[PDB]
Amino acid sequence: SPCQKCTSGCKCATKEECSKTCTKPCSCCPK
Ligand SMILES: [Cd+2]
Ligand SMILES: [Cd+2]
Ligand SMILES: [Cd+2]
């Protein structure tokens with residue numbers, strides 16, 4: 001489940017940028 005900024009706004013292109021808006025693969029970032 002993606003946070004409140006990943007819904008229509010997933011900004012993580014990879015787990016590297018994922019450490020910026022989240023800490024793990026929400027339901028949209030990488031696997
Ligand atoms: Cd997220
Ligand atoms: Cd993320
Ligand atoms: Cd995401």
# chains A, B, ... in the order shown; residues from 1 in each chain; ligands from 1
$ residues_near_ligand --ligand "ligand 2" --cutoff "8 Å" --atoms "only C-alpha atoms and all ligand atoms" --output "ChimeraX atom specification"
/A:2,6,10-12,14-15,17-26,28-30
$ write_last_selection --atoms "C-alpha atoms" --output "compact mmCIF listing (two decimals), in the first residue's frame"
# COMPACT_ATOMS: atom_id res chain seq x y z
CA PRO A 2 1.45 3.29 -1.21
CA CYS A 6 2.51 7.65 -4.11
CA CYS A 10 4.82 7.82 -7.28
CA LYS A 11 8.08 9.80 -7.41
CA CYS A 12 10.41 6.83 -6.87
CA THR A 14 13.93 3.03 -8.27
CA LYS A 15 14.55 1.92 -4.66
CA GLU A 17 14.60 7.51 -4.90
CA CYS A 18 12.24 5.40 -2.75
CA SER A 19 14.37 6.29 0.26
CA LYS A 20 13.14 9.85 -0.24
CA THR A 21 9.32 9.55 -0.06
CA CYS A 22 9.22 6.10 1.56
CA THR A 23 11.49 3.33 2.86
CA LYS A 24 10.16 0.33 0.93
CA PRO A 25 8.30 -0.59 -2.28
CA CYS A 26 4.82 0.74 -1.68
CA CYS A 28 3.84 1.10 -6.89
CA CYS A 29 7.54 1.78 -6.36
CA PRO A 30 9.97 -1.04 -7.42
$ select_by_dssp --residues "chain A" --states "helix (DSSP H, G or I)" --output "PDB file with C-alpha atoms, in the first residue's frame"
ATOM      1  CA  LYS A  15      14.552   1.924  -4.665  1.00  0.00           C
ATOM      2  CA  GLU A  16      17.173   4.705  -4.611  1.00  0.00           C
ATOM      3  CA  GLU A  17      14.601   7.512  -4.900  1.00  0.00           C
ATOM      4  CA  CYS A  18      12.244   5.401  -2.751  1.00  0.00           C
ATOM      5  CA  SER A  19      14.369   6.295   0.264  1.00  0.00           C
ATOM      6  CA  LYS A  20      13.141   9.854  -0.235  1.00  0.00           C
ATOM      7  CA  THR A  21       9.321   9.549  -0.059  1.00  0.00           C
TER       8      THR A  21
END
